[PDB]
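Residue numbers (the entry's author numbering), protein chains in the order written: chain D, 39 to 195; chain A, 3 to 202, 214 to 624, 645 to 906; chain B, 857 to 898.
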Amino acid sequence: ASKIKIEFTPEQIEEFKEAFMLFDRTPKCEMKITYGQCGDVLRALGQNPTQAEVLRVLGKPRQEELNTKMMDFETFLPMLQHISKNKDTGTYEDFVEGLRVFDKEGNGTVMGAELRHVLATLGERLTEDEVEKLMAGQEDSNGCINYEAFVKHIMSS
Amino acid sequence: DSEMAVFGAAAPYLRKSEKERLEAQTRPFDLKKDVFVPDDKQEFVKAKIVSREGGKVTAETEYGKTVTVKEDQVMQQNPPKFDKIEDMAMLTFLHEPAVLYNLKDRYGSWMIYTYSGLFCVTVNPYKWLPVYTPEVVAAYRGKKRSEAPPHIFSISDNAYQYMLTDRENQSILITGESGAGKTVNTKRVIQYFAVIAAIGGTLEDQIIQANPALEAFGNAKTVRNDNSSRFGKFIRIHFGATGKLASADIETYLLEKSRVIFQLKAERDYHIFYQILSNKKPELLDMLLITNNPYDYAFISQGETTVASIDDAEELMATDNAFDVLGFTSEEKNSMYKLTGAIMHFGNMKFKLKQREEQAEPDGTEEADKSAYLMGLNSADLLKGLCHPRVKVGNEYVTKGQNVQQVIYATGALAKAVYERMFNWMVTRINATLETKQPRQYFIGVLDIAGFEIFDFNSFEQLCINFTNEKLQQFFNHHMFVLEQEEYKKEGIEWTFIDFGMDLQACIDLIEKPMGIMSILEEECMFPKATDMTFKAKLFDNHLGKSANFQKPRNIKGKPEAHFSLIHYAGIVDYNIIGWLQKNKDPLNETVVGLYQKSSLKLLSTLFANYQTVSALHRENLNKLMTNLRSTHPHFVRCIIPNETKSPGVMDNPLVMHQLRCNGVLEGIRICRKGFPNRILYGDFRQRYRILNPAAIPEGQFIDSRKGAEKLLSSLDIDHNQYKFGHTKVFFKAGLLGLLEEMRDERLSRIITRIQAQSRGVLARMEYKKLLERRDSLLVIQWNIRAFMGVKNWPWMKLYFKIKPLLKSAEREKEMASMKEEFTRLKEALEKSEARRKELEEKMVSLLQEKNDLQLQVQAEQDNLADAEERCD
Amino acid sequence: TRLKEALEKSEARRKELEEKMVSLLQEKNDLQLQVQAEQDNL
Ligand SMILES: Nc1ncnc2c1ncn2[C@@H]1O[C@H](COP(=O)(O)OP(=O)(O)O)[C@@H](O)[C@H]1O
Ligand SMILES: [Mg+2]
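Spelled out as structure tokens, the structure:
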């Protein structure tokens, strides 16, 4: 939405420039980044927004605009600073309290199948390949995933 | 219309467009004049009431006819706001004309899947819609009963979700008359599950291709259907704990053995016979060395030889491809077609009286040579065995002398038995291939029973199919009407019993129970002195005049002779006893069997590796199926044949109305409205409904389950006169459970949108680090290339590299350093493997002890059952 | 060489135990089918 010129510090400008140049998927260019790739860069650079939020900050664009037109590093930078300042994230106790109700006995573990189902088709729809690749290495023998370890691994990583 | 963007071109075939709804709301109506009136030619007709003179109420039909009726005009129409309704139980007025016309309008708009109460109702399109594309499946992932338009994929998804949540095995039962799409729906469910598994090896491909493999052998053409299912099937899909596909298996039931050698005028034989004769594979026709013309053999050319609706060439191609992908070797495939060619060659046997002495001799031996070579048998030995069976009486092998009739019947019986062993070996092989490792956790079983049939000539193998249809319909009646009307009493819920009048036990007791028709058939089957005519007479002396289901034969309008009329649920059938005794006994030529065990082909040997009347075995298998079903949660998908002439679109009201009456679709919705369809335990409800009103249930205040549920329910804004309370069960009504689920869905949806944002941000971060290290690796590669350019190939570094083998001290030190670090890795691997092995071994000890105790009680209960059956006398 | 022999033997034993526990699953589901059979008998 609104664009603010000065919401930064000079060193993180250099850090963000290094991040963008070393992450720019297109090799033939150096300075421009795909419109659909800008959201991925923002998610990957330490701040995690929602689909609705990233749509709102991006001016509600179209998927064709996402995958066709480009963006510039310092044009997308103020939006990065705005997202970093937003910090619309919960905490450990809130996360485990919300995720606790996904059980029938309160033993501290939840089934992998129900966790996948609620991650995919209960809220913001998640791509399947994502739901398998995020749970790789943390799956247990019988699927009873200890949600506390899961969320602490999520936030730690 | 804003949604359904992922349904693609199938969208108009799932839910009506918004503009159609808007114009439907503008439809003229009265709600005081619009009624339904019974008709003689058709079933029901829309009408407008012109006058109501006391009891008589004159009305004009939609076709302009003026009629009056004795208080039957009270049958009321429905406001135009209810049309093409997905969940048909939501109608304010619900009755026979309402359901009939809702289905009529939907099918006219090419709307086949409907939700009637808790069960799906589907009408055969007879026109392959594009609604089954993989895009539709991708759109149906996770959709609920109301979040999606009615479809078979949504029924499968509901079953999968119930299996995940209730932690219980599920059973999708497909029901309907002959040629009602049951095989189509079964294959579509299998496709849905297989493609969902394929979203995330070749197991899905094998389970998909399993169905055509059995289509070739068991699915033949009959009068009613061109791809009729002769054998009932139950396909079980074992799912892992994670939810990923784990394994699968198939259980198949009795195949129509008389079809192999005998077909009526309008029928064909099993499609494998005619698939080879299409000569799409030249190698098959000449390695079998059979003639291309299908009329040359007398087993497969008695009725019809081909149907325009079926193109056999690509059918054979598909069968070959399915056999290839299933893992079958070339030798097995070639031997199977060899045995099939032997089956059609057996029809060419010619036998004549030797010296008019009532003894059979081979009139022709060339076809006998063909049959002998195909199995690798001995032609002289086979001919001697057929002409002279060497039955052993006492300890003496006395040769029996039989005429041409007995030897030809023996040849037919051998063909039937070997083809049945063929089919069962195929089922075992596919089950072995599909039953891979880790068949753990719960299962979903799709049940496809043989459809009800009424041919012109009814006999045995037409009574077993009708009987199993009766049995499954009675199971549906039990699980809908009786079971819930007793869970009402057991839970202490205020309810009054309702006589739905659908309990099929008198007909089943007339058949299944001892002293019944098939029971006395089994007992008389052991008597060689008895004949069909006496047995039939016995039927008239044991059941006629006592039970209403049994009745004298009809023999209407010069139809083929019928022997007794059985009043099944789907109309009245009329059977013939002639041929039942030998069909039930199924004798076989022991000498020919012994020839089979010493055949060249390992296949023929393993079919006859060893050699229980068929009726008793079928009854036992049927009861086993019902016991499996009673231990699983049923999802009913009832199928309805629109028209008997296989014309797409057209519906005849009497036929569809009659099959909905018989299937009990109408009375299965009264209990879905007048009763309590939904129910859940107090503990689970409180555990997974906390977010709805956490204020009413403080943390650690789980003192009482019932009180907690009561205060959670009252603390919400929902209607409180809808639910009832009972011992560890709350009884909901209508979509109230869906309402609670959707408030939970929206709250947990905000929460999980936050969680998913976090999770996919972390995924983006880890992919960021992956791309960073990939770019750093490429940077290192180009840096080494830059070093190479710096040196290139000046012989000074050549001397350096020649020196390197002379001075390898640091290289050896790094060698031993890597060696000792991998020593540490190997050692820790050793200890972890040993610990895992000892845990596995103690689990083995515990499990084997448990299974030994289970086997002991298995033997004890088998002996107890034997004693109880002995005491039954 | 000795450590490699020990590791190979341990891994082979682990693999045969894995297939053995798969067989234990096979026979345990067979035994639940048998249990269903006795419930059919009654
Ligand atoms: N959804 C459908 N789309 C197209 N054809 C269908 C559909 N359902 C059934 N049919 C047709 O109906 C006929 C009978 O189907 P089938 O599954 O063999 O019935 P049943 O198993 O009851 O004998 C076949 O011609 C089949 O192609
Ligand atoms: Mg069928």
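Cβ atoms here follow ideal geometry from the backbone N, Cα and C, with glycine treated the same way.
Checklist entry - Does the distance from the C-beta atom of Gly178/A to that of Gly464/A stay below 8 Å? => result yes
Next on the checklist: Check this for me: beta carbons of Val39/A and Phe46/A, under 8 Å apart or not?
Outcome noted: yes
Checklist entry - Looking at the unbroken alpha helix (DSSP H) that takes in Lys860/A, where does it start and where does it end? => result 842-905
Checklist entry - In chain order, what residues have a CB nearer than 6 Å to some heavy atom of ligand 2? => result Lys184/A, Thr185/A, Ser241/A, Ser242/A, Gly464/A
Checklist entry - Taking DSSP as the reference, what is the three-state secondary structure of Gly377/A? => result strand
Checklist entry - When the Cα atoms are used, what is the spatial distance from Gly181/A to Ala767/A? => result 33 Å
Checklist entry - Considering only residues of the same chain and omitting the five flanking positions on each side of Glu497/A, which have a CB-CB separation below 7 Å? => result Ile704, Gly708
Item to check | Nearest-angstrom Cα separation, counted from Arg249/A out to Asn696/A | outcome: 25 Å
Next on the checklist: Check for me: the alpha helix (DSSP H) holding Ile814/A runs from which residue to which?
Outcome noted: 769-824
Item to check | CB of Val123/A within 8 Å of CB of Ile591/A, strictly | outcome: no
Checklist entry - Residues in the region 876-887 of chain A with C-beta within 9 Å of chain B's C-beta atoms, listed in sequence order? => result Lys876, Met877, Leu880, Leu881, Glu883, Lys884, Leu887
Checklist entry - I think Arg453/A touches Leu873/B, with their Cβ atoms under 8 Å apart; what is that distance to the nearest whole Å? => result With a Cβ gap of about 17 Å, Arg453/A and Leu873/B do not count as contacting.
Item to check | Nearest-angstrom Cα separation, counted from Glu448/A out to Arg108/A | outcome: 41 Å
Next on the checklist: Short of 6 Å in beta carbon distance, which residues of its chain neighbour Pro566/A, apart from the five on each side in sequence? Order them along the chain.
Outcome noted: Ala575, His576, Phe577, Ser578, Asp587
Checklist entry - To the nearest angstrom, how far is it from the Cα of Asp324/A to the Cα of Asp333/A? => result 15 Å
Next on the checklist: Quick check: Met90/A and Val101/A, are their CB atoms within less than 8 Å of each other?
Outcome noted: yes
Checklist entry - Among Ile443/A, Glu800/A, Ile313/A, which has the Cα closest to the Cα of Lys234/A? => result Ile313/A
Checklist entry - Relative to ligand 1, is the shortest distance from any of its heavy atoms to the C-beta of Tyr128/A smaller than 7 Å? => result yes
Checklist entry - Where does the unbroken alpha helix (DSSP H) through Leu485/A begin, and where does it stop? => result 476-490
Checklist entry - With which residues is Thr124/A paired in a DSSP beta bridge? => result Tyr115/A, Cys672/A
Checklist entry - Which value, in whole angstroms, describes the spacing of the CA atoms of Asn124/D and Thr159/D? => result 27 Å
Checklist entry - Which term fits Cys477/A, buried or exposed, when burial requires 16 or more other beta carbons within 10 angstroms of its beta carbon? => result buried
Checklist entry - For a contact meaning CB atoms closer than 7 Å, what does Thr660/A contact in chain B? => result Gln892, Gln895, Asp896
Next on the checklist: If you follow the beta strand (DSSP E) that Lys171/D is in, where does it begin and where does it stop?
Outcome noted: Where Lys171/D is concerned, there is no enclosing beta strand (DSSP E), although the alpha helix (DSSP H) it sits in stretches over 166-172.
Item to check | Cβ-Cβ separation, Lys70/D to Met117/D (assumed contact under 8 Å), whole Å | outcome: Wrong, their Cβ atoms sit about 15 Å apart, outside the cutoff.
Item to check | Cβ separation of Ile356/A and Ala428/A, assumed to be a contact under 8 Å, to the nearest whole Å | outcome: 6 Å
Checklist entry - If we ignore side chains and look at the alpha-carbon of each, how far apart do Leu298/A and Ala385/A end up? => result 18 Å
Next on the checklist: Restricting to Cα atoms, I'd like to know which of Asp376/A, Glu603/A, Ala326/A is closest to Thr412/A.
Outcome noted: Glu603/A
Item to check | Boundaries (first-last residue) of the beta strand (DSSP E) holding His753/A | outcome: It is not in any beta strand (DSSP E) - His753/A carries neither H nor E in the DSSP assignment.
Checklist entry - Quick one, which of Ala150/A, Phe764/A, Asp685/A has its alpha-carbon nearest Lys106/A's? => result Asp685/A
Next on the checklist: Could you compute how far the alpha carbon of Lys853/A sits from the alpha carbon of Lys803/A?
Outcome noted: 30 Å
Checklist entry - For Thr304/A, which of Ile289/A, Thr116/A, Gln315/A has the nearest alpha-carbon? => result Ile289/A
Checklist entry - Does at least one heavy atom of ligand 1 sit under 7 Å from the Cβ of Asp36/A? => result no
Next on the checklist: In the DSSP assignment, the alpha helix (DSSP H) including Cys538/A goes from what residue to what residue?
Outcome noted: Careful: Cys538/A lies outside any alpha helix (DSSP H) and carries neither H nor E.
Next on the checklist: Need the endpoints of the alpha helix (DSSP H) that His120/D sits in, please.
Outcome noted: 111-124
Checklist entry - How big is the Cα-Cα spacing for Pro667/A and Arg147/A? => result 16 Å
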